[PDB]
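Have a look at final-v9.cif; it's mmCIF, C-alpha atoms:
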data_target
loop_
_atom_site.label_atom_id
_atom_site.label_comp_id
_atom_site.auth_asym_id
_atom_site.auth_seq_id
_atom_site.Cartn_x
_atom_site.Cartn_y
_atom_site.Cartn_z
CA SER A 1 112.57 78.63 92.46
CA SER A 2 109.08 80.08 91.87
CA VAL A 3 105.84 79.41 90.07
CA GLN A 4 105.83 79.97 86.30
CA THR A 5 102.98 81.86 84.61
CA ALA A 6 101.52 82.72 81.20
CA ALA A 7 98.84 85.29 80.37
CA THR A 8 96.46 86.27 77.58
CA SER A 9 93.67 88.83 77.26
CA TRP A 10 90.98 89.86 74.77
CA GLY A 11 88.33 92.46 74.14
CA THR A 12 87.95 95.79 75.88
CA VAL A 13 86.50 94.73 79.24
CA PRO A 14 88.95 92.89 79.03
CA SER A 15 88.93 89.20 79.69
CA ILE A 16 92.22 87.90 81.09
CA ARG A 17 93.42 84.35 81.68
CA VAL A 18 96.51 83.65 83.82
CA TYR A 19 97.92 80.10 83.77
CA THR A 20 100.20 79.02 86.62
CA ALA A 21 102.45 75.98 86.70
CA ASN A 22 103.15 75.00 90.32
CA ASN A 23 103.78 71.69 92.13
CA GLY A 24 103.30 69.58 89.01
CA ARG A 25 100.05 71.10 87.70
CA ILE A 26 98.92 74.02 85.56
CA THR A 27 95.80 75.82 86.80
CA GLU A 28 93.90 78.82 85.48
CA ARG A 29 92.61 82.07 87.00
CA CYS A 30 90.08 84.12 85.07
CA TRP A 31 89.02 87.77 84.93
CA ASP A 32 85.90 88.85 83.03
CA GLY A 33 85.62 92.25 84.71
CA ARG A 34 83.81 91.06 87.86
CA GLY A 35 86.50 89.54 90.01
CA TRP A 36 89.04 86.73 89.71
CA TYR A 37 87.80 83.13 89.63
CA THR A 38 89.28 79.69 89.05
CA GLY A 39 88.85 78.34 85.53
CA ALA A 40 88.14 74.88 84.20
CA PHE A 41 91.66 74.35 82.80
CA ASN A 42 93.68 71.89 84.88
CA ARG A 43 96.45 69.76 83.37
CA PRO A 44 99.81 68.35 84.47
CA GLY A 45 102.91 70.33 83.67
CA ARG A 46 105.96 72.35 84.74
CA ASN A 47 105.89 74.99 81.99
CA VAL A 48 103.02 76.76 80.26
CA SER A 49 102.61 79.24 77.41
CA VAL A 50 99.38 80.57 75.91
CA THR A 51 98.01 82.44 72.91
CA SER A 52 94.48 83.43 71.95
CA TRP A 53 92.50 85.11 69.20
CA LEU A 54 88.97 86.27 68.57
CA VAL A 55 86.71 85.25 65.70
CA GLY A 56 84.12 87.97 66.05
CA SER A 57 82.92 87.71 69.65
CA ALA A 58 84.10 84.12 70.23
CA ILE A 59 87.44 83.51 71.94
CA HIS A 60 89.81 80.73 70.91
CA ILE A 61 92.61 79.79 73.33
CA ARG A 62 95.65 77.53 72.88
CA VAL A 63 97.63 76.47 75.97
CA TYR A 64 100.96 74.67 75.49
CA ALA A 65 101.51 72.58 78.63
CA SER A 66 104.87 70.86 79.05
CA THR A 67 105.48 68.04 81.50
CA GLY A 68 108.95 66.56 81.89
CA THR A 69 108.23 64.39 78.84
CA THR A 70 105.81 66.08 76.47
CA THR A 71 104.34 69.38 75.27
CA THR A 72 100.56 69.06 74.79
CA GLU A 73 98.36 71.69 73.15
CA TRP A 74 94.97 72.29 74.80
CA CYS A 75 92.23 74.07 72.88
CA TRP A 76 89.37 76.21 74.06
CA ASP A 77 86.91 76.99 71.27
CA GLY A 78 83.77 77.72 73.32
CA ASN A 79 82.78 74.20 74.41
CA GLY A 80 85.37 72.74 76.78
CA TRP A 81 89.08 72.06 76.62
CA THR A 82 90.14 69.61 73.92
CA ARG A 83 93.45 68.06 72.88
CA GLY A 84 95.07 69.85 69.97
CA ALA A 85 96.95 68.52 66.96
CA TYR A 86 100.24 70.16 68.02
CA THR A 87 103.37 67.97 68.03
CA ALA A 88 106.92 69.08 68.76
CA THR A 89 108.35 66.96 65.92
CA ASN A 90 106.88 65.23 62.89
CA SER B 1 120.53 78.82 83.85
CA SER B 2 119.59 82.05 82.04
CA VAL B 3 117.46 85.13 82.38
CA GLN B 4 113.71 84.69 81.82
CA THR B 5 111.75 87.13 79.64
CA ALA B 6 108.22 88.13 78.64
CA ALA B 7 107.13 90.42 75.81
CA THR B 8 104.11 92.38 74.59
CA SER B 9 103.53 94.83 71.75
CA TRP B 10 100.78 97.12 70.45
CA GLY B 11 99.90 99.40 67.59
CA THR B 12 101.62 99.62 64.23
CA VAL B 13 104.81 101.52 65.13
CA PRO B 14 104.83 99.26 67.22
CA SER B 15 105.45 99.75 70.88
CA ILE B 16 107.18 96.77 72.52
CA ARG B 17 107.86 96.02 76.17
CA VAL B 18 110.30 93.26 77.19
CA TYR B 19 110.36 92.23 80.86
CA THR B 20 113.42 90.38 82.18
CA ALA B 21 113.72 88.49 85.43
CA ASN B 22 117.37 88.28 86.47
CA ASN B 23 119.21 88.20 89.83
CA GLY B 24 116.04 88.56 91.88
CA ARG B 25 114.41 91.47 90.04
CA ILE B 26 112.19 92.07 87.01
CA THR B 27 113.11 95.09 84.90
CA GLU B 28 111.62 96.52 81.71
CA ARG B 29 113.04 97.62 78.35
CA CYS B 30 110.87 99.70 76.04
CA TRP B 31 110.65 100.35 72.31
CA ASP B 32 108.45 103.13 70.91
CA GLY B 33 110.12 103.23 67.50
CA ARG B 34 113.05 105.48 68.49
CA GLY B 35 115.46 103.20 70.27
CA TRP B 36 115.40 100.95 73.33
CA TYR B 37 115.15 102.55 76.79
CA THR B 38 114.70 101.37 80.37
CA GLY B 39 111.14 101.57 81.66
CA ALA B 40 109.71 102.49 85.04
CA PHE B 41 108.69 98.92 85.93
CA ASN B 42 110.94 97.40 88.58
CA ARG B 43 109.72 94.72 90.99
CA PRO B 44 111.15 91.66 92.75
CA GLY B 45 110.70 88.31 91.11
CA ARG B 46 112.10 85.19 89.41
CA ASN B 47 109.39 84.69 86.78
CA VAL B 48 107.38 87.16 84.73
CA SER B 49 104.53 87.01 82.22
CA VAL B 50 102.70 89.91 80.57
CA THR B 51 99.60 90.75 78.56
CA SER B 52 98.28 94.03 77.21
CA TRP B 53 95.36 95.53 75.34
CA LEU B 54 94.37 98.83 73.82
CA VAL B 55 91.27 100.86 74.60
CA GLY B 56 91.37 103.19 71.62
CA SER B 57 94.82 104.77 71.75
CA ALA B 58 95.48 104.05 75.44
CA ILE B 59 97.54 100.98 76.39
CA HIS B 60 96.73 98.82 79.41
CA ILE B 61 99.42 96.41 80.63
CA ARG B 62 99.27 93.59 83.20
CA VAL B 63 102.54 92.07 84.45
CA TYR B 64 102.40 88.92 86.60
CA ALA B 65 105.56 88.92 88.73
CA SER B 66 106.31 85.82 90.79
CA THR B 67 108.78 85.77 93.65
CA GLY B 68 109.53 82.53 95.48
CA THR B 69 106.39 83.15 97.58
CA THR B 70 103.79 85.11 95.65
CA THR B 71 102.48 86.10 92.21
CA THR B 72 101.60 89.81 92.13
CA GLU B 73 99.77 91.55 89.29
CA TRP B 74 101.06 95.01 88.34
CA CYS B 75 98.87 97.33 86.28
CA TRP B 76 99.77 100.07 83.85
CA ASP B 77 96.74 102.12 82.82
CA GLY B 78 98.46 105.36 81.76
CA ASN B 79 99.40 106.83 85.17
CA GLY B 80 102.02 104.67 86.88
CA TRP B 81 102.24 101.05 87.95
CA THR B 82 99.65 99.98 90.50
CA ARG B 83 98.95 96.76 92.39
CA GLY B 84 96.24 94.65 90.78
CA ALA B 85 93.44 92.61 92.30
CA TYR B 86 94.85 89.30 91.02
CA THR B 87 95.17 86.44 93.52
CA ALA B 88 96.28 82.89 92.78
CA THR B 89 93.58 81.39 95.05
CA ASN B 90 90.40 82.71 96.62
CA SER C 1 112.81 70.01 84.50
CA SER C 2 110.95 70.41 81.19
CA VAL C 3 111.09 72.24 77.91
CA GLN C 4 110.13 75.93 77.95
CA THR C 5 107.79 77.38 75.32
CA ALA C 6 106.43 80.67 73.97
CA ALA C 7 103.52 81.20 71.58
CA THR C 8 102.01 83.86 69.31
CA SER C 9 99.15 83.88 66.81
CA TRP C 10 97.59 86.22 64.25
CA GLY C 11 94.67 86.55 61.89
CA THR C 12 91.52 84.47 61.86
CA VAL C 13 92.77 81.22 60.31
CA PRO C 14 94.82 81.65 62.55
CA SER C 15 98.54 81.37 62.13
CA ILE C 16 100.32 80.15 65.27
CA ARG C 17 104.02 79.94 66.08
CA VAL C 18 105.26 77.92 69.08
CA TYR C 19 108.91 78.36 70.11
CA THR C 20 110.52 75.66 72.26
CA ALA C 21 113.77 75.91 74.18
CA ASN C 22 115.19 72.43 74.76
CA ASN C 23 118.72 70.97 75.03
CA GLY C 24 120.43 74.29 74.34
CA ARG C 25 118.45 75.40 71.27
CA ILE C 26 115.21 77.21 70.45
CA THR C 27 113.24 75.77 67.54
CA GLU C 28 109.93 76.75 65.97
CA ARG C 29 106.74 74.89 65.03
CA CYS C 30 104.24 76.56 62.74
CA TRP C 31 100.51 76.32 62.07
CA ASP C 32 98.92 78.06 59.08
CA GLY C 33 95.70 76.03 59.16
CA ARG C 34 97.01 73.01 57.23
CA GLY C 35 99.02 71.05 59.75
CA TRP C 36 102.04 71.67 61.97
CA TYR C 37 105.46 72.12 60.35
CA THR C 38 108.96 73.06 61.47
CA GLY C 39 109.88 76.70 60.89
CA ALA C 40 113.09 78.37 59.83
CA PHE C 41 113.83 79.85 63.27
CA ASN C 42 116.70 78.06 65.02
CA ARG C 43 118.93 79.81 67.55
CA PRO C 44 120.80 78.89 70.74
CA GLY C 45 119.09 79.52 74.03
CA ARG C 46 117.52 78.27 77.28
CA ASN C 47 114.61 80.73 77.50
CA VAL C 48 112.38 82.24 74.83
CA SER C 49 109.59 84.81 74.68
CA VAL C 50 107.78 86.14 71.61
CA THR C 51 105.47 88.91 70.46
CA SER C 52 104.02 89.73 67.05
CA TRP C 53 101.86 92.27 65.27
CA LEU C 54 100.28 92.74 61.88
CA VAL C 55 100.75 95.68 59.53
CA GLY C 56 97.82 95.02 57.24
CA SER C 57 98.33 91.46 56.02
CA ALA C 58 102.06 91.27 56.81
CA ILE C 59 103.20 89.66 60.06
CA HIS C 60 106.09 91.00 62.13
CA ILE C 61 107.56 88.71 64.81
CA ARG C 62 110.07 89.43 67.59
CA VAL C 63 111.65 86.49 69.44
CA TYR C 64 113.74 87.18 72.56
CA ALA C 65 116.19 84.28 72.89
CA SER C 66 118.29 84.08 76.04
CA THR C 67 121.39 81.95 76.35
CA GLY C 68 123.26 81.74 79.64
CA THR C 69 125.02 85.00 78.70
CA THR C 70 122.85 87.16 76.48
CA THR C 71 119.29 87.99 75.37
CA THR C 72 119.17 88.46 71.58
CA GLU C 73 116.17 89.79 69.67
CA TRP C 74 115.39 88.06 66.36
CA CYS C 75 113.14 89.76 63.83
CA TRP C 76 110.84 88.33 61.20
CA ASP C 77 109.52 91.00 58.84
CA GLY C 78 108.68 88.86 55.80
CA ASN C 79 112.18 88.13 54.44
CA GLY C 80 114.14 85.95 56.85
CA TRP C 81 115.19 86.22 60.48
CA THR C 82 117.44 89.17 61.27
CA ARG C 83 119.21 90.39 64.40
CA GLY C 84 117.30 93.12 66.21
CA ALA C 85 118.50 96.27 67.94
CA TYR C 86 117.34 95.08 71.38
CA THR C 87 119.83 95.33 74.26
CA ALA C 88 119.18 94.52 77.91
CA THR C 89 121.14 97.58 79.11
CA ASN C 90 122.37 100.76 77.47
#

Could you express the structure from this file as C-alpha cells?
Amino acid sequence: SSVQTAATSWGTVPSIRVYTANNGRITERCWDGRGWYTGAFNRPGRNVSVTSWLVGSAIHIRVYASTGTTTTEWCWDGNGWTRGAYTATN
Amino acid sequence: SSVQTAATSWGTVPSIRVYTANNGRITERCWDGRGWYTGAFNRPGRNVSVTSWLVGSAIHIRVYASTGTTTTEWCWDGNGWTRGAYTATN
Amino acid sequence: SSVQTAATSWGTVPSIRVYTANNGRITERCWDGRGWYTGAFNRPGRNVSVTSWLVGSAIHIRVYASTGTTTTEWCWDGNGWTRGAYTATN
C-alpha cells in the first residue's frame, strides 16, 4: 500500500543512506551533507533492511534485500557492492 | 496484517524512540529511562523508517514516513519536527 | 509478498543480528565474525524492528515484534531474552 524504506547514518556531517523498495526494486538515495543523490545500490526486492558501522573513517554497509523467494545480503566496504555470506538457514 | 514499526536509540541510559505506522498514521513512543511516553511526532503514513546520530550530547533524528503517494523526511534537531530536504528522485 | 527483516550491528568485528518475520514467526540469524548461525530469539510476529547499544563491551538489544494484535518489546541484556516494559499506548 506504499513504498517500504530503510535508513542508516554515520559520522557527524552526517552521511545518510535511505533504501526504498518500490515496484520490484530497491534503490538508494544518499546524503553526504551537500544534497541528495542517487546511489549505486540497485537490486531486486520487496523488503529492505540495513545496518552499518565505521572502522575508523571507513564505512561498512550491509543491506538485506528480500525478493519473494530469497533474502540476499549486499556489502559495501569501500569498493563496490558485493554479495555477502548471509543465509537465512544453514 | 499488523502494525509496522521502526526503532532508534542513543546514549547509555539509553534513549529509545519507537515509531509505529497503524491505521493511516505514524506515532511515536519514547523511553528516556523513566517510563514510556507518547512523543510529539505524528504524521500520516503506512511505512516508517528512522535513523539518528549524536553531535556531542544533542540528538538528531530523521524519520522517513511513506504514505501511499510520497516519502517525506521529518527532522528532529532539538527544536521541533521540521520537513527535510529528502526526495526520492531528482 | 516477501519476508520482512530488521538488522543491527555493533563493535568493529562487527557483530550483526538479522531478524526475519516469515510464516507467523520472527527468527534471528547471527554473525560474530565466524560464520552465520541461528540465534536464540524466536517469537510470534509479522513485523519486526530492532535497535541496540553498547555499555562498554556489553550489548543491549531491543526487538519490537508485532503480531496482528500486539507489539511486544523483547530485551537482550546478556542473560536471555526478557519481556520489556514497552506499550503502544498508556

Could you please select, counting all atoms listed in the file, the residues of chain A within 9 Å of chain B and state them as a ChimeraX atom specification?
/A:1-12,14,16,18,20,28-29,31,35-38

Can you move chain C onto chain B by a least-squares fit over all C-alpha atoms paired in order, then give me the moved copy as a CSV table (one decimal) with C-alpha atoms, keeping the file's coordinate frame?
chain,number,residue,atom,x,y,z
C,1,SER,CA,120.5,78.8,83.8
C,2,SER,CA,119.6,82.1,82.0
C,3,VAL,CA,117.5,85.1,82.4
C,4,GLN,CA,113.7,84.7,81.8
C,5,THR,CA,111.8,87.1,79.6
C,6,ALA,CA,108.2,88.1,78.6
C,7,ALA,CA,107.1,90.4,75.8
C,8,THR,CA,104.1,92.4,74.6
C,9,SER,CA,103.5,94.8,71.7
C,10,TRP,CA,100.8,97.1,70.4
C,11,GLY,CA,99.9,99.4,67.6
C,12,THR,CA,101.6,99.6,64.2
C,13,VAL,CA,104.8,101.5,65.1
C,14,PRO,CA,104.8,99.3,67.2
C,15,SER,CA,105.5,99.7,70.9
C,16,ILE,CA,107.2,96.8,72.5
C,17,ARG,CA,107.9,96.0,76.2
C,18,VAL,CA,110.3,93.3,77.2
C,19,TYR,CA,110.4,92.2,80.9
C,20,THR,CA,113.4,90.4,82.2
C,21,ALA,CA,113.7,88.5,85.4
C,22,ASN,CA,117.4,88.3,86.5
C,23,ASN,CA,119.2,88.2,89.8
C,24,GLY,CA,116.0,88.6,91.9
C,25,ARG,CA,114.4,91.5,90.0
C,26,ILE,CA,112.2,92.1,87.0
C,27,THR,CA,113.1,95.1,84.9
C,28,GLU,CA,111.6,96.5,81.7
C,29,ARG,CA,113.0,97.6,78.3
C,30,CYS,CA,110.9,99.7,76.0
C,31,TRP,CA,110.7,100.4,72.3
C,32,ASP,CA,108.4,103.1,70.9
C,33,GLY,CA,110.1,103.2,67.5
C,34,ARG,CA,113.0,105.5,68.5
C,35,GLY,CA,115.5,103.2,70.3
C,36,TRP,CA,115.4,100.9,73.3
C,37,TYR,CA,115.1,102.5,76.8
C,38,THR,CA,114.7,101.4,80.4
C,39,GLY,CA,111.1,101.6,81.7
C,40,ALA,CA,109.7,102.5,85.0
C,41,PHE,CA,108.7,98.9,85.9
C,42,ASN,CA,110.9,97.4,88.6
C,43,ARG,CA,109.7,94.7,91.0
C,44,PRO,CA,111.2,91.7,92.7
C,45,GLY,CA,110.7,88.3,91.1
C,46,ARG,CA,112.1,85.2,89.4
C,47,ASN,CA,109.4,84.7,86.8
C,48,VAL,CA,107.4,87.2,84.7
C,49,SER,CA,104.5,87.0,82.2
C,50,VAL,CA,102.7,89.9,80.6
C,51,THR,CA,99.6,90.7,78.6
C,52,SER,CA,98.3,94.0,77.2
C,53,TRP,CA,95.4,95.5,75.3
C,54,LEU,CA,94.4,98.8,73.8
C,55,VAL,CA,91.3,100.9,74.6
C,56,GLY,CA,91.4,103.2,71.6
C,57,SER,CA,94.8,104.8,71.7
C,58,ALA,CA,95.5,104.0,75.4
C,59,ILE,CA,97.5,101.0,76.4
C,60,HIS,CA,96.7,98.8,79.4
C,61,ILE,CA,99.4,96.4,80.6
C,62,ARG,CA,99.3,93.6,83.2
C,63,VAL,CA,102.5,92.1,84.5
C,64,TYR,CA,102.4,88.9,86.6
C,65,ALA,CA,105.6,88.9,88.7
C,66,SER,CA,106.3,85.8,90.8
C,67,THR,CA,108.8,85.8,93.6
C,68,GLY,CA,109.5,82.5,95.5
C,69,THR,CA,106.4,83.2,97.6
C,70,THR,CA,103.8,85.1,95.7
C,71,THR,CA,102.5,86.1,92.2
C,72,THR,CA,101.6,89.8,92.1
C,73,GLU,CA,99.8,91.5,89.3
C,74,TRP,CA,101.1,95.0,88.3
C,75,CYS,CA,98.9,97.3,86.3
C,76,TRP,CA,99.8,100.1,83.9
C,77,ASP,CA,96.7,102.1,82.8
C,78,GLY,CA,98.5,105.4,81.8
C,79,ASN,CA,99.4,106.8,85.2
C,80,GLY,CA,102.0,104.7,86.9
C,81,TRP,CA,102.2,101.0,88.0
C,82,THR,CA,99.6,100.0,90.5
C,83,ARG,CA,99.0,96.8,92.4
C,84,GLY,CA,96.2,94.7,90.8
C,85,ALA,CA,93.4,92.6,92.3
C,86,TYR,CA,94.8,89.3,91.0
C,87,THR,CA,95.2,86.4,93.5
C,88,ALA,CA,96.3,82.9,92.8
C,89,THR,CA,93.6,81.4,95.1
C,90,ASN,CA,90.4,82.7,96.6

On this file, the PyMOL selection byres ((chain B and resi 24) around 7) gives some set of residues; write that set as a ChimeraX atom specification.
/B:21-23,25,44-46

How would the residues just chosen look if you wrote them out with C-alpha atoms as a compact mmCIF listing (two decimals), in the frame of the given file?
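Dumped to part.txt:
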# COMPACT_ATOMS: atom_id res chain seq x y z
CA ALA B 21 113.72 88.49 85.43
CA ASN B 22 117.37 88.28 86.47
CA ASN B 23 119.21 88.20 89.83
CA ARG B 25 114.41 91.47 90.04
CA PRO B 44 111.15 91.66 92.75
CA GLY B 45 110.70 88.31 91.11
CA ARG B 46 112.10 85.19 89.41

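Pairwise distance (CA of residue 39 (chain B), CA of residue 83 (chain B)) equals 16.9 Å.
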
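Residues matched by the PyMOL selection byres ((chain B and resi 41) around 8) in this file are residues 26, 27, 28, 39, 40, 42, 43 and 81 of chain B.
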
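Going from CA of residue 74 (chain B) to CA of residue 80 (chain A) covers 29.6 Å.
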
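The space between CA of residue 84 (chain C) and CA of residue 30 (chain B) spans 13.5 Å.
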